[PDB]
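K.L.:
Take this sequence and fold it.
(2 chains, ligands or ions: 11)
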Amino acid sequence: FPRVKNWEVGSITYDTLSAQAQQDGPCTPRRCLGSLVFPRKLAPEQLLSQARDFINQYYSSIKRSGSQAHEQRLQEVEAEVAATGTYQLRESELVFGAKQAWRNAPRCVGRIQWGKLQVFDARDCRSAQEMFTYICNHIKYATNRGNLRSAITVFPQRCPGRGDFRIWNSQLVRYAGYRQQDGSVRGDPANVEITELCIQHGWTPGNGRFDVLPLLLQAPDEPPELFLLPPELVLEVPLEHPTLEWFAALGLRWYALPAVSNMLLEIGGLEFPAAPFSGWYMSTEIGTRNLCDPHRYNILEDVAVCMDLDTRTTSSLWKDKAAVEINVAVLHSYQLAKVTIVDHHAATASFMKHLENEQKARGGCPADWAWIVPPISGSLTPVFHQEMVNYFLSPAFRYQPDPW
Amino acid sequence: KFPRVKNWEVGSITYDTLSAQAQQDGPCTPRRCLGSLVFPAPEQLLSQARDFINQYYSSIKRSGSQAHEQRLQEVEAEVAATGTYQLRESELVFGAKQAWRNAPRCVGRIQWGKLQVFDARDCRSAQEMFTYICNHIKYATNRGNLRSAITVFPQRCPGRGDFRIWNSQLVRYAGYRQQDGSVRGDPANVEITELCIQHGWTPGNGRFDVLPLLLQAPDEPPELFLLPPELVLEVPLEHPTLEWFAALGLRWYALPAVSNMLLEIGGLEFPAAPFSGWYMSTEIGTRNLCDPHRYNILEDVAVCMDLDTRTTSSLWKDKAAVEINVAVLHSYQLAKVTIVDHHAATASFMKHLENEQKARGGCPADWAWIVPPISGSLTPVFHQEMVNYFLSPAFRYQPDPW
Ligand code: HEM
Ligand code: HEM
Ligand SMILES: Cc1cc(N)nc(CCc2cc(F)cc(CCCN(C)C)c2)c1
Ligand SMILES: Cc1cc(N)nc(CCc2cc(F)cc(CCCN(C)C)c2)c1
Ligand SMILES: C[C@H](O)[C@H](O)[C@H]1CNc2nc(N)[nH]c(=O)c2N1
Ligand SMILES: C[C@H](O)[C@H](O)[C@H]1CNc2nc(N)[nH]c(=O)c2N1
Ligand SMILES: [Cl-]
Ligand SMILES: [Cl-]
Ligand SMILES: [Gd]
Ligand SMILES: [Gd]
Ligand SMILES: [Zn+2]
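P.N.:
Numbering: from 1, shown residues only, chains lettered A, B, ... in the order given. Ligands and ions are numbered 1, 2, ... in the order given. Let me share the structure:
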């Protein structure tokens, strides 16, 4: 059992939960591959094994392991797979599995919220227009006029033979990325590719660097089709700085709802290639990574010139100064627009609290240091000085190949 | 079947084939990654030595020659008669350089070839040990124009105890416990401070009192030595535009000299081999001054800046730390003492990664130590995937002699 120390306080804990980590990660005794974004790469006998495991801790959670429907629920799954090859989850199980998968996400710093998740059951949807309506209900419910609420919508489980439901965008809200004469990009460079696929599927392109892309939604086998998002459903926050008057004039915006729509949900060995989840932003995500990454909007320099900073020498720390103000603008703007957002200090402090809860509850917590520590001011947050153990638990969210 | 490594800023892809040569095992398994943990006979001495000799003769473009095989035959003969062997001087110098080159958590390695190696293997006592160290500090500091160096004391050897420097660095500030249960000075140094006191040291009462050296000759108790004040170059900290900053009375020293690590070369172990470079400004500004468990000045600086410390969303922590780092850079540049900021340093580490890929087919690197403690993704190393592993020669941690 790995010994884990916190270097700020000097406290020691042991991660006993790691002992039940199965689906092996990328690392070996000879080399650590912890920093890698995608680890490695992306007879029904196996299905039952994962199913019994999932059902077993469901009843552990609600006390009733031993006797009662715990007994009973086990055979139905057994019978259901024997008869049909796959099985269907009880609604409560779907709910429990969805929360568990979020609980188990090593890279998520917001997991103190894992208990508060609204699960929409969309396993009875069988059309692209149906998905779109399901997505739109989600977006509307999750956005909630700016008082954001964590939400996941779960579409039908993958079946052997015949295709899958699948959202082609990485998120429900993504901004356009347009190539050009110089091969450079107006808009978001992260989304240039899906922008490419949007246009070659019949989407009329747009103005500039903040065009909300359409959804490319895909029902089984029958190839994808475009769906335009209602403007009133897509909540956005124009970016202003509380004291730097010119910041507004930079014309920056970001959307309200971070909703990830390309990850595969695994509960009890069943796979949901379409299960979009949503929460609310940590401000560094927008202010530091989206706006300031060299390969994203890359605005750092432009903001520095406006602040009349000395960009002639790295040792003026002009990047650092401009980054902080871009972050200050994000927090101020979202607060002004009354849109739920959390700063990286508050978020990491809550995660520390989440660590201690999980220590008592499960004897440890899978955490990926490199993704939990914020992208600015890392050592000024408590998680920096906290050792972590990273491993895979089920239920879980996994990456998956893209539909092309 | 070598690890694929991507740079996400640019889109580069390389394969770390060097990792396959990893001569030792770290803490990670397929079950779990322990990457963020801070702390992770003749026949085996023989195969270690044989691999280092192979390395040395590769580096001088003399692999497989007569001189090469002769040296191999000499080494395994000397292990037969004495249970050990001695490095030739050129082998020692190469070995110390590789150890730096091989250190996964060092962002400064672009410099690895420029290292002054002082051979103190003939050192006979603690008193002589002290003289060697004083010369190291004097050469390395060089009146503020810092030069990288290592001094190598006698290797661990059968029959005799170890040379050890008890201090974790050659220059450290005292850390005194208080009536508040508090600490006056550097809290990281309470233990060594206590040891010094109970070994005869007359303690000070300031926040920046330079510690004496506790130096251990084989099978001897440690002996206390005071550093000549004028040997220890310091920099009072001031801020280019915040004039009240100077009144905080903060200082730091010029020379970062790590002195409690073990240098391992071809299976031989050097328990005492202090090495020194020059500071990256974040070590001082962010970690030494702002860690809650170090000098912890962040809040007092923010209040002075008249930031709103009631709420986290004003980012008072981020703003104060940025100015503390500016202060450090300004002060060192003013004082004409070598310093590198985290942007230049990470930029040069990227060049090292590129050099090393051409040279060795990769480079051992610990992402979490290489990414600076502030402004991580503003630096190019953040977006670079890395493979952590152990190569030898190497610097290793070792237990405290007490
Ligand atoms: C409610 C507030 C939430 C906050 C503040 C938050 C914050 C974050 C952040 C900052 C990341 C870093 C990933 C990156 O930068 O690419 C992340 C990752 C992640 N989050 Fe959350 N999150 C929240 C809600 C949720 C919810 C509701 C779920 C699932 C139901 C979830 C599941 C995940 C997963 C699976 C990752 C892994 C990222 C990856 O592997 O690419 N999070 N979260
Ligand atoms: C010359 C400029 C140098 C710079 C800018 C530099 C920078 C750094 C930094 C920032 C760290 C980690 C900081 C921390 O532990 O909080 C580090 C670690 C390290 N450095 Fe360098 N260094 C330099 C010279 C050297 C030299 C000359 C050597 C040895 C000959 C060396 C060997 C090491 C080793 C072994 C570690 C990691 C040890 C540990 O993890 O505790 N460095 N370096
Ligand atoms: C749910 C949620 C909350 C929040 N605060 N932020 C997010 C966005 C971060 C994110 C979370 C996530 F789970 C997936 C992605 C996209 C994939 C990223 N890698 C593979 C390149 C992004 C998502
Ligand atoms: C040589 C050198 C140059 C430079 N710029 N900075 C340093 C100090 C960094 C350092 C380098 C080192 F090798 C050891 C330590 C102390 C160990 C701390 N860990 C266990 C938490 C610190 C050393
Ligand atoms: C190379 C490195 O592992 C990679 O850039 C990771 C580091 N940590 C991260 N952390 C978060 N939250 N998001 C990211 O995209 C990354 N990128
Ligand atoms: C737990 C965590 O690994 C630890 O606090 C590390 C993080 N990264 C670091 N990076 C450097 N350069 N120096 C450090 O001391 C640390 N501390
Ligand atoms: Cl985002
Ligand atoms: Cl230091
Ligand atoms: Gd102006
Ligand atoms: Gd002033
Ligand atoms: Zn690992």
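
K.L.:
Report the beta-bridge partners for the residue most central in space within chain A.
P.N.:
The structure's chain A has its C-alpha centroid closest to residue A:260; by CA atoms, centre = their mean the separation is 5.0 Å. Beta bridges link residue A:260 to residue A:171, residue A:277, judged by DSSP bridges.

K.L.:
Near residue A:5, how many other residues are there?
P.N.:
By other CB atoms under 10 Å in any protein chain shown, the residues close to residue A:5 number 16. For every residue, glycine as well, the C-beta is placed using N, CA and C.

K.L.:
and what of residue A:25?
P.N.:
By the criterion of other CB under 10 Å, residue A:25 has 23 neighbours.

K.L.:
Now the phi/psi pair for it, please.
P.N.:
phi -80, psi -170 (degrees, to the nearest 10).

K.L.:
now swap in residue A:331 and tell me
P.N.:
Dihedral angles (degrees, to the nearest 10) for residue A:331: phi -60, psi -50.

K.L.:
looking at it, it is touching residue B:318, isn't it?
P.N.:
No - between residue A:331 and residue B:318 there is no contact under CB atoms under 8 Å: 11.0 Å.

K.L.:
how about the residues of the stretch 1-150 of chain A near ligand 3?
P.N.:
A:37, A:110 (CB under 6 Å from any ligand atom).

K.L.:
For the stretch 1-150 of chain A, list the residues in contact with ligand 11, please.
P.N.:
By CB under 5 Å from the ion, the residues of the stretch 1-150 of chain A that approach ligand 11 are A:27, A:32, A:34.

K.L.:
Looking at those, which is nearest ligand 3?
P.N.:
Of all those, residue A:34 has the smallest distance to ligand 3: 15.2 Å, by CB to the nearest ligand atom.

K.L.:
residues touching that closest one, list them.
P.N.:
Residue A:34 is in contact with A:26, A:27, A:368, A:369, A:370, A:390, B:28, B:33, B:35, B:36, B:367, B:388, counting by CB atoms under 8 Å, 6 or more residues apart in numbering or on different chains.

K.L.:
In JSON lines: those, plus distance to ligand 1.
P.N.:
Listed next are the contacts of residue A:34 as JSON lines, based on distance: CB to the nearest ligand atom, whole Å:
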{"residue": "A:26", "distance to ligand 1": "13"}
{"residue": "A:27", "distance to ligand 1": "16"}
{"residue": "A:368", "distance to ligand 1": "8"}
{"residue": "A:369", "distance to ligand 1": "12"}
{"residue": "A:370", "distance to ligand 1": "10"}
{"residue": "A:390", "distance to ligand 1": "12"}
{"residue": "B:28", "distance to ligand 1": "19"}
{"residue": "B:33", "distance to ligand 1": "14"}
{"residue": "B:35", "distance to ligand 1": "16"}
{"residue": "B:36", "distance to ligand 1": "16"}
{"residue": "B:367", "distance to ligand 1": "15"}
{"residue": "B:388", "distance to ligand 1": "20"}
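
K.L.:
what subset of those is also close to ligand 5?
P.N.:
Okay, of those touching ligand 5 (CB under 6 Å from any ligand atom), that's residue A:370.

K.L.:
and of the contacts of residue A:34, the nearest to ligand 5?
P.N.:
residue A:370 (4.4 Å).

K.L.:
Can you report phi and psi for the closest residue to residue A:403 other than its chain neighbours?
P.N.:
Excluding the flanking residues, the one nearest residue A:403 by CB to CB, 6 or more residues apart in numbering or on different chains is residue A:166, at 5.2 Å. Per-residue torsions, residue A:166: phi -170, psi 130 (degrees, to the nearest 10).

K.L.:
give me every residue that touches residue A:166.
P.N.:
So residue A:166 contacts A:218, A:273, A:274, A:403 (CB under 8 Å, 6+ apart).

K.L.:
from memory residue A:174 sits against residue A:194, does it?
P.N.:
Yes - at 6.7 Å, residue A:174 counts as touching residue A:194 under the criterion of CB under 8 Å.

K.L.:
residues shared between the contacts of these two?
P.N.:
With CB under 8 Å, 6+ apart as the test, residue A:174 and residue A:194 both reach residue A:213.

K.L.:
list the contacts for the residue in the stretch 251-400 of chain A positioned nearest to chain B?
P.N.:
The nearest approach of the stretch 251-400 of chain A to chain B comes at residue A:379, 3.4 Å away (CB to the nearest CB). Going by CB under 8 Å, 6+ apart, residue A:379 touches A:385, B:286, B:287, B:290, B:291, B:373, B:374.

K.L.:
same thing but 10 Å
P.N.:
Listed by CB atoms under 10 Å, 6 or more residues apart in numbering or on different chains, the contact set of residue A:379 reads A:8, A:373, A:385, B:282, B:286-287, B:290-292, B:321, B:372-374, B:376.

K.L.:
ok, back up a step: farthest pair in the contacts of residue A:166?
P.N.:
Spanning the widest gap among those are A:274 and A:403, at 10.4 Å by CB to CB.

K.L.:
Among those two, which residue is more densely surrounded?
P.N.:
Set side by side, residue A:274 and residue A:403 show more neighbours around residue A:274, with 27 against 16, by other CB under 10 Å.

K.L.:
Am I right that the more buried one is in a helix?
P.N.:
No - counting by DSSP: H, G, I helix; E, B strand; the rest coil, residue A:274 is not part of a helix but coil.

K.L.:
Quick check: it touching residue A:215?
P.N.:
No - applying CB atoms under 10 Å, one finds residue A:274 not in contact with residue A:215, separated by 11.7 Å.

K.L.:
any common contacting residues for these two?
P.N.:
A:131, A:135, A:167, A:261.

K.L.:
among those, which ones are buried?
P.N.:
Among these, those buried by neighbour count (16 or more other CB atoms under 10 Å in any protein chain shown) are A:131, A:135, A:167, A:261.

K.L.:
Endpoints of stretch A:360-372, how far apart?
P.N.:
Terminal residues of stretch A:360-372 are spaced 20 Å apart (CA to CA, to the nearest Å).

K.L.:
May I see the buried residues of that stretch?
P.N.:
Neighbour-count burial for stretch A:360-372, counted by 16+ other CB under 10 Å, picks out A:362, A:363, A:364, A:365, A:366, A:367, A:368, A:369, A:370, A:371, A:372.

K.L.:
Next up, the contacts around residue A:191.
P.N.:
Neighbouring residues of residue A:191 by CB under 10 Å, 6+ apart: A:169-171, A:174-178, A:185, A:198, A:211, A:213, A:296.

K.L.:
how about the strands in the stretch 151-300 of chain A?
P.N.:
In the stretch 151-300 of chain A, the strands defined using DSSP state E, counting those that start in this stretch lie at A:151-154, A:166-167, A:177-178, A:186-187, A:215-218, A:225-227, A:236-238, A:253-255, A:259-260, A:264-267, A:270-272, A:277-278, A:281-282.

K.L.:
Tell me which of the ones you listed approaches ligand 6 most closely.
P.N.:
Once the strands of the stretch 151-300 of chain A are compared by CB to the nearest ligand atom, strand A:281-282 is nearest, at 19.7 Å.

K.L.:
Name the strands paired with that closest one and say parallel or antiparallel.
P.N.:
Strand A:281-282 has its sheet partners listed here by DSSP bridges as strand A:341-342 (parallel).
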